Amino acid sequence: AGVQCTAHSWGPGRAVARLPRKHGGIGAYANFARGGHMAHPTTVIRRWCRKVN
Amino acid sequence: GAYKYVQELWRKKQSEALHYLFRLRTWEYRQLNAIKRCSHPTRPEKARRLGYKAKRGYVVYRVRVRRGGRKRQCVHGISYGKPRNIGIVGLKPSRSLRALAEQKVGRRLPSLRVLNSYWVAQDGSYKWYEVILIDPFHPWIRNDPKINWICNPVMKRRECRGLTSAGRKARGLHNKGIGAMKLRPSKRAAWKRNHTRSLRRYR
Amino acid sequence: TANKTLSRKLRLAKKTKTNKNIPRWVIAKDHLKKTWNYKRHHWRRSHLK
Amino acid sequence: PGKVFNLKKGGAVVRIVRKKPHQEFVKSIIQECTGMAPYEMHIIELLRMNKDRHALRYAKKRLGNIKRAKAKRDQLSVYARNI
Amino acid sequence: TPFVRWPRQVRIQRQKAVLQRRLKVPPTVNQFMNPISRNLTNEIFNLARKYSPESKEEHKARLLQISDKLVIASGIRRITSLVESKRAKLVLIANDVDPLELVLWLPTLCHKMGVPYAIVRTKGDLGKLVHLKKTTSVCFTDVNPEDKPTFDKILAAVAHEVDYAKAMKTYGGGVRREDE
Amino acid sequence: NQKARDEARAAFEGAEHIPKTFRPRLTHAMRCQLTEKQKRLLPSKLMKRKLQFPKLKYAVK
Amino acid sequence: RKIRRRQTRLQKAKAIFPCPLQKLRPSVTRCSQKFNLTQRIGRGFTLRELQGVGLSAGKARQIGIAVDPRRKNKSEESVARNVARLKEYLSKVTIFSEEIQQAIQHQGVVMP
RNA sequence: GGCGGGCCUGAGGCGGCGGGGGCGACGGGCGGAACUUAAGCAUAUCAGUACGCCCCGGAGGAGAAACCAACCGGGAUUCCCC
RNA sequence: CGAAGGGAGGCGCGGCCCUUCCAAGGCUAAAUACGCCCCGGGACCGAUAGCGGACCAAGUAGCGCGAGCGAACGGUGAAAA
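Protein chains in written order, with our numbering: chain A, 3 to 55; chain B, 57 to 259; chain C, 836 to 884; chain D, 106 to 188; chain E, 40 to 219; chain F, 29 to 89; chain G, 983 to 1094.
Structural data, given as structure tokens:
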């Protein structure tokens, strides 16, 4: 999710923030970008079950 | 009892008589093509040891492999990157030239299944090996309980999956016990079973 | 172009034949409320091929 | 140390397990037909004169094992006596 | 005229013959390239015809629905056992066997056991005797009381013409191109 | 078509090598497989040992 | 997974109702000095142990007794423990050639 | 010398039957990186990984000891716990 | 370069034992893995979220010579009355 697209930082001199942008110039690949990955994606490796004696 | 004598005559490979016979053959083989259909095994005793039976659906082909070390295919000889990974001539193939001979006859004839191969002759330039291949759709083979397993679909192009004797040697499967405990289901599979993180429920 | 191949011409023909709007009865039959065919092309603005 | 220390080892009875001519005949017919390899002929020349350490040294290089080369030295010796 | 570029297979087979007449063939191989005389070959072959197994057509009417006649045994594996057991009284081996290593040791094991042997010409001819396309070796093990005088005559000329001692020392090998 | 296909099926019915259109459906894999008679064929020696030591029913108390 | 394998054992048990799911297997001393004085189920009875109960390898396999040709007895005491195993099983076994329905299938390791 | 046969090695054609190509997984065979970690960097690590190529199957591979051990010993393979 | 009885016992070499096995041929089920696809469930997401794509026509419209890139757009009402 959010990583299926091809986005690269436009660079440092185009008057735009350095976040990754799609070919058109659309913000991508970040928590703050619409369509971007979760900053820390939720995962099934969480221990769902605890232990009791 | 004849085949006992041939096994011992063929243990004397540098014998004056075998030397003439193997010089005459290494000349003939050089004159022919790399993969050649042979009307019969040239080595009947070794073919019979490795399975060949003189019935229909049993074919022998001689494959010629070029002798020598490998040169990595990198343009201009340059393999960029880390210095350990440099070096293009003098590298050594990971599979015997016997295994290559069986992979070469598999590609030329993908309609046949490979059983086993044996050394026939060598020169400084080339080494010749004869491969016994089986037609898995012949009536005699399908109905013969001894070779009927070659007709199973899971034995399709066995050389391409390292399942012939020479491929098995190159995968380290002739060795068993200490030395071979990280190459048993497969080298790749052992690494995957060792490096798996279990993450059980009641961890 | 005035010299074209039948194969090139046939694909171009299909493009012309299917550059049509939704039939008015289909809008009624399907109760579409979305009349425009979005696959419609214009020679000046669109580049087929 | 490759054993544990138990002075009273043996509190059980131990089942101890006990230990072709035609093959020699086939070799005799093939020897008559083929003769000796060139490497063996040289060990037969050395065993006639240059002696054991030279013969063993050539044989350990050619065969690659001391037990195998020592055995070849003994086998070739019988034919070397009568040179 | 005789300047044709013959097919590659024809050239290789003509050259293989030329090389075997130029290289020094070791004595054991040379014994196959120097077979027994044609007159004797006819005489053993005539006697073997008087033996022989059932013919293919005789086996066909035997194989519709319907004795110990002495027949020549065939095949290296049976022949070796008969030579080793001294059951054989004559062994016939063909000059040409594709892997000569199949029959190279036979003259040696026949002399050791005392069975008389001869190297006859063409395995196709030895096949005609047993009704098979080709066989490495045929061998008489018994012989009819009626045909034992002929057997004695043939076995004597086999001894006159076959010299294991000379053939194991001939090293005939190669001739010179000029020597045609 | 049904009539011609039916009459033709019947004509080549009971013929060795019947036309491919008239052959069973199956799949490529099934049409290249081994008949369960061919797959269960055992060598004479192995089959003899099956008869020699037949499968049995037993209960352990 | 627990459910899938329980179903598989129930399906196999139904397939051979009188016969137990598991074959009689030998008692073998656990290896190494750390475990020498403790015994565990092994793979198969040796041919020497089978001779003590007078059963052939093929016969023993028919009566649900696992047979190991590779295993060699090692100690006289091992043959005696294992021969006793087979005798207790041979009494328990009831070879049958509707009473089969009233037979009670054994569950788990035969002789634990 | 030239004409027939047998055998052996080839050559063209015809019949029957097979092969080829597909699938973002799992599986087998190969060829094979570098970013990265070492607070630099060459061995090392990444990684026997990405990717490239070849080959199956409903699983595959492995498999009935030229095994481990050192015992009051086990006993083909695969898989899990440690 | 090349054996004959040979292999192994986790420090090489030479000797002598011991324990343990038969390489250089072949087959084999089960337990194990896993997408497409179907089925079911959820302390999951709730339209800038959740797949890129909930919308009659999404890998679509559009863009790039090409490899390839790739959107946006849910909701009248109980009934279209």
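Even for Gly, the Cβ is constructed at its ideal location relative to N, Cα and C.
Identity of the residues DSSP links to residue i by a beta bridge
i           : result
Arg-93(B)   : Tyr-117(B)
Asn-172(B)  : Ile-188(B)
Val-88(F)   : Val-1075(G)
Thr-1011(G) : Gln-1021(G)
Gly-29(A)   : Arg-23(A)
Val-161(B)  : Per DSSP, none; premise fails for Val-161(B).
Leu-147(B)  : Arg-126(B)
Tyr-156(E)  : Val-130(E)
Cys-178(E)  : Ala-112(E), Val-130(E)
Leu-74(F)   : Paired residue(s): none; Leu-74(F) is not in a bridge.
Below-8 Å beta-carbon distance, residue i vs any chain E residue
i          : result
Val-62(B)  : yes
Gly-57(B)  : yes
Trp-196(B) : no
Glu-137(D) : yes
Cβ shell of residue i (< 8 Å), same chain only, five flanking positions each side left out
i           : result
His-25(A)   : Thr-8
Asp-1050(G) : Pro-1008, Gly-1024, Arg-1025, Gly-1026, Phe-1027, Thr-1028
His-159(D)  : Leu-151
Min CB distance residue i to chain D below 8 Å
i          : result
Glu-101(B) : no
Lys-68(B)  : yes
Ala-73(B)  : yes
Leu-165(B) : no
Beta-carbon spacing of residue i, residue j below 8 Å
i             : j           : result
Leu-103(E)    : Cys-178(E)  : no
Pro-138(E)    : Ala-73(B)   : no
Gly-1046(G)   : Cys-1001(G) : yes
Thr-67(E)     : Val-159(E)  : no
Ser-91(E)     : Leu-168(E)  : yes
residue 17(B) : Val-187(B)  : Past the boundaries of the shown model lies residue 17(B); chain B is included only from 57 to 259, so the question cannot be answered.
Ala-17(A)     : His-39(A)   : no
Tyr-185(B)    : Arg-99(B)   : no
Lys-202(B)    : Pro-71(F)   : yes
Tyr-86(F)     : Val-1075(G) : yes
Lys-89(E)     : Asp-186(E)  : yes
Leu-58(E)     : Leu-80(B)   : yes
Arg-86(B)     : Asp-179(B)  : yes
Closer than 8 Å to chain G by CB, residue i
i          : result
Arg-158(D) : no
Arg-120(D) : yes
Close beta carbons around residue i, own chain, < 7 Å, minus the five adjacent residues each side
i          : result
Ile-171(D) : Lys-165
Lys-208(E) : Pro-66
8 Å Cβ cutoff, residue i in contact with chain F
i           : result
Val-1075(G) : yes
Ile-1082(G) : yes
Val-1092(G) : yes
Beta-carbon contacts of residue i that lie in its chain and below 6 Å, excluding the five residues immediately before and after
i           : result
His-876(C)  : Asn-854
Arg-1012(G) : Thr-1020, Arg-1022
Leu-239(B)  : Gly-228
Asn-134(E)  : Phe-71, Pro-74, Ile-158, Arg-160
Proximity test, Cβ basis, 8 Å: residue i and chain B
i         : result
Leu-69(F) : yes
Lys-55(E) : yes
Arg-49(A) : yes
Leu-62(F) : yes
CB contact check: residue i to chain A, cutoff 8 Å
i          : result
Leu-156(B) : no
Local Cβ density within 10 Å of residue i, reported as buried at 16 or more and exposed below that
i           : result
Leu-79(F)   : exposed
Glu-140(E)  : buried
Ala-177(B)  : buried
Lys-177(D)  : buried
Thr-180(E)  : buried
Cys-51(A)   : exposed
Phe-193(B)  : exposed
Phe-110(D)  : exposed
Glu-215(B)  : buried
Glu-1031(G) : buried
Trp-144(E)  : buried
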